[PDB]
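Listed next as structure tokens is one chain, alone, in the form deposited in one PDB entry.
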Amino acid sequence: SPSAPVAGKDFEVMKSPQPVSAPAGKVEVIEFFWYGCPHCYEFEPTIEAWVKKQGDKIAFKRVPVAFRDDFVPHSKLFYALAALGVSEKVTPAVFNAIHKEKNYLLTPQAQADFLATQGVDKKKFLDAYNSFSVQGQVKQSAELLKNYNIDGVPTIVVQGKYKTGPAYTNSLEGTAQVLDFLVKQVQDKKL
């Protein structure tokens, strides 16, 4: 309690809370992230383990962020992987390509070529990349950026109402600690 996160400093209370897509008894958690964001990369093992530990207690999703036109292909990539059902399999290698191999995967052809080395059929991937369904999800993700007033990554949103992230806590461990506190406060009907 004396060490509890401080509202307005360690997390932000949104003036316009957003609809929650989680069912009763689950806390919704959203991570806005960008494949090219170093803190998002570093945070992956931390948030993966925490989400897996919560299990059915939460409904977790990621939303890709393209702050610039040049990075819209990274949001298309995110939704194309999900459409193919290979996200869990290849996403570590995608992060590795960008952050360690200097392959920024900025075009659909570079993505397809890389993903083929990971066992993804290029025609299937490019069909997903260019599909109307993925284009719809990308346009939606940009509307979500606006609706949650997101101006940095990674940003974690709890129950459509509480935002945290290293912009707030100045550390990834602090982000995880605030997230855990927020979810517990929502479960206990304190937030």
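Don't overthink the numbering: it's just position in the shown sequence, from 1.
What comes next is about the form deposited with a partner chain bound, which is not displayed.
- Listed residues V29, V134, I47, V153 were compared with its partner chain in the bound PDB entry; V153 is the one with a heavy atom within 4.5 Å.
- A single residue from the set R62, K57, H39, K124 has any heavy atom within 4.5 angstroms of its partner chain in the bound PDB entry; that residue is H39.
- Note that among 125-133, 49-57, 31-39, 156-164, the stretch whose heavy atoms approach its partner chain to within 4.5 Å in the bound PDB entry is 31-39.
- A residue is said to contact a partner when one of its heavy atoms sits within 4.5 Å of a partner heavy atom; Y148 fails this definition for its partner chain in the bound PDB entry, lying far away.
- For the chain shown alone, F71 is a contact residue for its partner chain in the bound PDB entry, at least one non-hydrogen atom being within 4.5 angstroms.
- In the bound PDB entry, its partner chain lies farther than 4.5 Å from every heavy atom of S21.
- Among residues of the shown chain, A176 is not one whose heavy atoms approach its partner chain to within 4.5 Å in the bound PDB entry.
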